[PDB]
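This report refers to the structure that appears directly beneath it.
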Amino acid sequence: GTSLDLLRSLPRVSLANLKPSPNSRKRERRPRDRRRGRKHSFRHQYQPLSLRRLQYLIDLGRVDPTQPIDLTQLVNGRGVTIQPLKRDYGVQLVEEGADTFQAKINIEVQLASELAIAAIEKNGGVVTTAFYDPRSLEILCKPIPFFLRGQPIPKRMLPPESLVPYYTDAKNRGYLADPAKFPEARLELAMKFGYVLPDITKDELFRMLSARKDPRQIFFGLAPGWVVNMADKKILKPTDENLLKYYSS
Amino acid sequence: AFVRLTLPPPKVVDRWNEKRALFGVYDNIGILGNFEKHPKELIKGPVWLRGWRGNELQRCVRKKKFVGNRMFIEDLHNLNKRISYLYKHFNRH
Amino acid sequence: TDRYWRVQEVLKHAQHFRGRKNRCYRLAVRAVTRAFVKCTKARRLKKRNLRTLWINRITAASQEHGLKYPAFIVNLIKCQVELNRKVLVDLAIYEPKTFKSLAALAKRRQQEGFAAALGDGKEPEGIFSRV
Amino acid sequence: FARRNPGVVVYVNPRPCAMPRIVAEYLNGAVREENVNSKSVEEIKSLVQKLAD
Amino acid sequence: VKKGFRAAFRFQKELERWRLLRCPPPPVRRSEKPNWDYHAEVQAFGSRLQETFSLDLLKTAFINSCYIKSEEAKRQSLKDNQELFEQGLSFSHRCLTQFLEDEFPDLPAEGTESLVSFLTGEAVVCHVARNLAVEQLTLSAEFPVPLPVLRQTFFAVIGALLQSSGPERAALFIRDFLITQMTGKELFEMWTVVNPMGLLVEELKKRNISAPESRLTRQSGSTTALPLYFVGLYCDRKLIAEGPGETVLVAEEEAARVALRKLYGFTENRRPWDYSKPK
RNA sequence: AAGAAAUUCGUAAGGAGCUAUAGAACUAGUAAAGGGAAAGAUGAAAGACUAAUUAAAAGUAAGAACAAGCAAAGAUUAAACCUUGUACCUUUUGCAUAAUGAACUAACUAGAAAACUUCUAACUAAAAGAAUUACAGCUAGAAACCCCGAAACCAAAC
RNA sequence: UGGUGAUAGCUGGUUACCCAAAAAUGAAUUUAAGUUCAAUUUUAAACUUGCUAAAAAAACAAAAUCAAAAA
């Protein structure tokens, strides 16, 4: 660093010596003299994740491959930005990276492409779709604040009748999907590509990959209606029978 | 015009007084204090402009909101009339 | 805070003016500029007058000896004499004997020039007409 | 300059001064004053040579 | 009240300028004034003249009787310039006479004495010293330096110069600095001649030449209030000198003056004296 | 032009002001409702005779004028003579022998905003100290648009 | 008395220096003092021929419109 050596040779700097960078500040005109003298909401605003964008996160180790993909974890890693003021209502995927993302992992995304669904399943990944209420999703993205507010964990909402067919559809692999068709559906997709179907049971970590929360359950770890002792780093569970009726309701 | 016929007395100023010497200290409270306190929080002055800046109309409007109930009746009426002129100048010219 | 000295700048040039002009800045400033401009215009015209004065003095000196100014100049030109008009005035004033010699030289060339013109160049060039 | 012109007496007086200044005195009694405020070496050298001539 | 100290300071300078113009200060010698070093100035003075001077001798030449009295008075509560003064004045008289004789052998011995006295005149010596800053270098008890005291030093410096540089350089110095003062000076201006007609006749009889017969060469405006008369001195019927005059007497007197210049070889067209010679 | 909310979020003596035409109208609301001024200056001591300070505004005096002339310029030995020259601002048109305005002195007396862009930098598939944008973007800084003046109109007192 | 620094496409005024560049055509507008459209000017960027000139050839009838090569 020859620049540093020049500083030693140069005289000690003072407050007055400081000077603004060249061209940083423009000149101004003032009237001192003659110079200035004389004279749509209903449609969900899906926020997608590109397959190429998905690929680098796994390759860079930003998201642990062993841990199932969680949208909250992506927010924790600053992978995606969700603004409640924007009233983002959904999540999607982008066709970009279809040719550059060869990997298998369990994941849940609100909306997924049918071609993408089978391709990751062909690789061995597990993909499903869940419905998060836009207000609930904002709560999900920021779980700590409502604990600060003191609010208790509410039951996850269900899709409106317009979106019920999508989630209930077996091919869409939604949480409302019929399990009976899943073994047949998995078989059908394998034939379409022709790849040899790997049964989810064969995987050693099958239970971890296939683990899913209840439709009313917002969080994998936390059941609906739960409370968290944030100050004491503990979880509080309601013990009132009437409260169970509220959760059932 | 005409000018003074007497010279003013000489004056000496100390540039290393505590105020000048300690000017700017703790200005890095946020970065050096874990950002618990923002430097904007260190501003002391009129309530309506602590940590906030705006044009003359915005400053006047904010001033009215902050101390409107605690302002004098005569001052409030004068402020209302003054706001009208400021609003028209900026928003119509 | 220097407005007084700005007026002094106009006043110092206007100290020698007469009337309310010398004491009124409104008029003093106008007079000062007018005075300066007048000198600027005269500079170019000043040189022309000096040449006119020199030529006029030469003619009187030549006429004193009986020689016209145009005739004297032409004959000197024919002799490849390049003395300037200013020097010519000095020679007459301070070297009257030399001026007569110059007068005699010009007249002799004029006589030779008239003979040469009448001769049409057939005759040999004169001694004073030889180059 | 001093070696070149030893017939001129040169006084150099570093002192607390707002503006540096040069004073030239001539045999006939003429004295000329020139302010040296914020002038480079090259400019100063040219000015001194003019004063000497 | 206008604020600021610069404006107040500026006006104080403005007041000082007006006061100085109204009441200019009395003169003071440069020795008393600041930035004066006698030793340094003398060394520069000698180098400035491109001449070699003995520092001790030059200081003695500058030393004057009046200066010693002031120092002695202070001492009560040293070599004068008289010895050097005599040498320079005496040497200058010989050198000045020698220069005059060579150029004007015809000029009479009486005229040379007048010319020598004029060149050694107090006014001429004083003027040279002041223009050379010698007055500041002169040592005296009074400023402005009295002229007779200043005149003494100048010849004393010449005496010191003679010892330091010899007659040859001093002779060149006299020619370079003193003989130059004769430029533009007419003969009668430097030498007073009364009764030119009688003097002209006296020279002619000495040369055994007939006295010229005055004649009126030209006449103009005789009866007017502005008459012009030209009178020519005719020796053996030959004109020797002619002069213009408002009256015949004036023309004759002027013609006599012209003849005297011709007699002593002081013609307006005479060969100029030469200062270029390094020898 | 007006303009919410839902939903999030919120503990706690000084002046890069004026200094007697400036700053409150003010030394003062003093000298029908109502309107509303002007001004003062010594020194430590006046139980030291009340201070000085300034070629300092215009105005005058000391010291009126001398054929010829936008008043000056070129000059010069010389103030005037000789030579040259159709007052100024604004406005007409790039023209006035048009037309407006000026007794003079001092003070006072009119250009103010960032939506976007360029420029100057920080960090960068990320950038901004919460609310913002993004397939090189994002953040910060700098960069801008006067004064006085009607006939009128209305409310409430007298 | 206050609203009130009313409003006025109108009248008038609006304070230091230097360098550089720089022209009252077509269309419309309660528009002809302004503004939009074309044209100009102007800055940045892309990359290559441009201006004057210009024969024959037509067009006309039996040095300009056009624009080969040049210079």
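Residue numbers (PDB author numbering), protein chains in the order written: chain M, 9 to 47, 86 to 295; chain i, 32 to 124; chain R, 15 to 145; chain b, 54 to 106; chain c, 31 to 107, 119 to 320. For every residue, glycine included, the Cβ atom is placed at its ideal position computed from N, Cα and C.
- Residue contact check for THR15/R against chain c: a CB pair falls below 8 Å.
- Taking C-beta atoms as the reference points, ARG65/R and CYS93/R fail to come closer than 8 Å.
- Spatial neighbours of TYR316/c in its own chain (CB-CB distance under 8 Å, excluding positions within 5 residues in sequence) are listed in chain order as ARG216, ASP217, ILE220 and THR221.
- Bounds of any alpha helix (DSSP H) do not take in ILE199/M, whose DSSP letter is neither H nor E.
- Under the rule that a run must span 3 or more residues, the beta strand (DSSP E) segments found entirely inside the region 212 to 263 of chain c read 254 to 261.
- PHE128/R carries a helical assignment under DSSP once its states are collapsed to helix, strand and coil.
- Pairing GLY143/M with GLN101/M gives a Cβ-Cβ distance under 8 Å.
- When Cβ pairs closer than 8 Å are counted between the two stretches, the region 96 to 115 of chain R is seen to touch the region 72 to 81 of chain R, the count reaching three or more.
- When C-beta atoms of the region 168 to 176 of chain M are compared with those of the region 238 to 250 of chain M, three or more pairs fall below 8 Å, so the two segments count as touching.
- Residues of chain c with a Cβ closer than 9 Å to the Cβ of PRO69/b do not exist, since the nearest Cβ in that chain sits about 17 Å away.
- Contact annotation: the region 229 to 237 of chain M does not touch the region 206 to 214 of chain M, with fewer than three C-beta pairs closer than 8 Å.
- With contacts defined as CB atoms closer than 8 Å, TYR270/c and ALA296/c fail to qualify as a contacting pair.
- Taking every protein chain shown into account, the CB of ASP110/M has fewer than 16 other CB atoms within 10 angstroms, so this residue is exposed.
- Rounded to whole angstroms, the separation of the alpha carbons of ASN88/b and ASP16/R is 21 Å.
- For a cut-off of 8 Å, the C-beta gap from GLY136/M to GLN91/M is around 7 Å, short enough to register as a contact.
- Here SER205/c really is in contact with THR82/c; their C-beta atoms are around 5 Å apart, less than 8 Å.
- Taking 8 Å as the threshold, the shortest C-beta distance from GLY225/c to chain R does not fall below it.
- Counting the other CB atoms within 10 Å of its CB gives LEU251/M a total below 16, which places it among the exposed residues.
- When C-beta atoms of the region 130 to 145 of chain c are compared with those of the region 173 to 182 of chain c, fewer than three pairs fall below 8 Å, so the two segments do not count as touching.
- Look at the beta carbons and you see the region 113 to 127 of chain R touching the region 78 to 92 of chain R: at least three pairs across the two are nearer than 8 Å.
- For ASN275/M, the uninterrupted beta strand (DSSP E) segment begins and ends at 273 to 275.
- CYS96/c places its beta carbon less than 8 Å from that of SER181/c.
- For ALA201/c, the secondary structure class from DSSP, reduced to helix, strand or coil, is helix.
- Taking 8 Å as the threshold, the shortest C-beta distance from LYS43/c to chain i does not fall below it.
- Using a C-beta cut-off of 8 Å, the region 35 to 45 of chain i makes contact with the region 34 to 43 of chain c, since at least three inter-stretch Cβ pairs fall below that distance.
- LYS248/M sits in a helix when the DSSP states are folded into three classes.
- CA-to-CA, the gap between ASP260/M and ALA269/M works out to about 8 Å.
- Boundaries for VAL272/c: no alpha helix (DSSP H) harbours it, while the beta strand (DSSP E) harbouring it runs 269 to 276, taken from the DSSP string.
- At a Cβ-Cβ threshold of 8 Å, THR90/c and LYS120/c count as neighbours.
- Neighbours of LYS104/c across chain i, judged by C-beta separation under 8 Å, do not exist; the nearest C-beta is about 39 Å away.
- Beta-bridge partners of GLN93/M (DSSP): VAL137/M.
- Taking C-beta separations shorter than 6 Å and ignoring five residues to either side along the sequence, the partners of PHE195/c in its chain run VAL166 and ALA170, following chain order.
- Residues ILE72 of the same chain have their beta carbon placed closer than 6 Å to that of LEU102/R, with the five preceding and five following residues left out of the count.
- Cβ contact annotation for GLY140/R (same chain, cutoff 6 Å, sequence separation greater than five): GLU126, in chain order.
- The Cβ atoms of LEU88/c and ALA201/c sit closer than 8 Å to each other.
- Distance check between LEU160/c and each of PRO268/c, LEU137/c, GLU151/c and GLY152/c places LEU137/c closest, using alpha-carbon atoms only.
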